[PDB]
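[1] Structure here, sequence nowhere to be found:
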């Protein structure tokens, strides 16, 4: 099955124009004018943005444009803005079958953001305490979320989800410290440390 | 003008049959300008065309990587079409979308997938569904559910700030937890009611928790 090749990632700053390539053969892109493009935000259904190479369906703004040259089709986004950060897929008719491209992640370049929420009265009433460390808005995607409590590295109950090739949201990450009661009232735990290529944000937040 | 509404279980046991349904509104499935497609997406991967049906086509049009395990049925009086995958394996876990594919022989949206269902996430596991316990964060996090996903809203969509919902975390017990963060005026707290609406479709559980 001869597929459609897209770059894994493309980035630009707000207001710029960017282009996404989609390379097939003469039996798909080059054989037919029935190339289309789709936008997909994380955790949401794809959305048609271009069809018949160059045409916009209803509701799609003129910042999206399509073209093709020989066996490669291109999606151009003008006036990049934060809402354009998303995955983009091309598709083509072939011989009858359809094929999607491998997908391109568009990053709009616009200090990791760390948000700490300590265990609440309702949780602790329910014999369960959870430390909520939520990080967002960092690029590139590699971040290391470590934990400490009592100035002491603790890892008994640490669950961590960071972006990977096999995740939907590549710009946010989560980490929780679940644990038995009174370990939060034992002392002024805790601190959530997050490393991001030399950018170490250790946020200490202690409930009492 | 068209809407596709998907249904079907979010949890299938291994070796059993996945059955997903797509109710079409705005065009008859017998309309010969359109093909009816199923597409799937593994976690973090790209879109994979599974196959399509065409009302006057009895031929099997399937992605050969499916290895002939998927078929389709149509309920015309319900204007509905259903994907069945037999003897499912862990590799069948994915989000499944139904979509309308306009024929190349028509101008409007010709050759493209111009309307999409909202998707159904399918987990293949022998573990049993568990509805969540939702915890208000005074003055919100959803804990100990299986399988994914959960959706969270506030005051039935009438609250939209910021808002971001963060990835779930998986515990050693095999259950998930997550949270979605929001902020509101500090003066309008003790008087206005804040209800979080958590929908865990796999357990068909909806829970509204006053905060």
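    Good, I have the coordinates. Numbers count the residues shown, from 1 in each chain, chains lettered A, B, ... in the order given.

[2] Centroid-nearest residue for chain B?
    Using Cα atoms, centre = their mean, the residue of chain B that lies closest to the mean C-alpha position is residue B:120, 2.3 Å off.

[3] mind listing what's buried in stretch B:88-99?
    By neighbour count with 16 or more other Cβ atoms under 10 Å in any protein chain shown, stretch B:88-99 contains the buried residues B:88, B:92, B:93, B:94, B:95, B:96, B:97, B:98, B:99. For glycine as for every other residue, the C-beta is placed from the backbone atoms N, C-alpha and C.

[4] now, among these, which is nearest to chain A?
    Closest approach to chain A among the buried residues of stretch B:88-99 (Cβ to the nearest Cβ): residue B:97, at 5.9 Å.

[5] what's near enough to touch the closest one?
    A:45, A:46, B:6, B:38, B:39, B:40, B:41, B:47, B:116, B:117, B:118, B:119 (Cβ atoms under 8 Å, 6 or more residues apart in numbering or on different chains).

[6] Just the buried ones out of those residues, please.
    By 16+ other Cβ under 10 Å, those give A:45, A:46, B:6, B:38, B:39, B:40, B:41, B:47, B:116, B:117, B:119 as buried.

[7] helix, strand or coil for the third one?
    Going back to what we said before, that points to residue B:6. Here residue B:6 is recorded as strand under DSSP: H, G, I helix; E, B strand; the rest coil.

[8] How about chain B: which residue is closest to chain A?
    Closest point on chain B to chain A, by Cβ to the nearest Cβ, is residue B:111, at 3.0 Å.

[9] First-to-last residue distance for stretch A:7-24?
    Using Cα to Cα, to the nearest Å, one end of stretch A:7-24 lies 13 Å from the other.

[10] and it, how far out from the chain's middle?
    A distance of 15 Å separates the centroid of the chain from that of stretch A:7-24, by Cα atoms, centre = their mean, to the nearest Å.

[11] now check it, is it near chain B?
    No. Using Cβ under 8 Å from any Cβ of the partner chain, we find that stretch A:7-24 stays clear of chain B, coming within 10.3 Å at best.

[12] same thing with stretch A:189-200?
    No. In terms of Cβ under 8 Å from any Cβ, no part of stretch A:189-200 sits within range of chain B; the closest distance is 13.2 Å.

[13] Pull out the buried residues from that stretch.
    Neighbour-count burial for stretch A:189-200, with 16+ other Cβ under 10 Å as criterion, is recorded at A:189, A:190, A:191, A:192, A:193, A:194, A:196.

[14] now for the buried ones among the contacts of residue B:97, which pair is the farthest apart?
    Comparing every pair within the buried ones among the contacts of residue B:97 by Cβ to Cβ identifies B:6 and B:47 as the most remote, at 15.5 Å.
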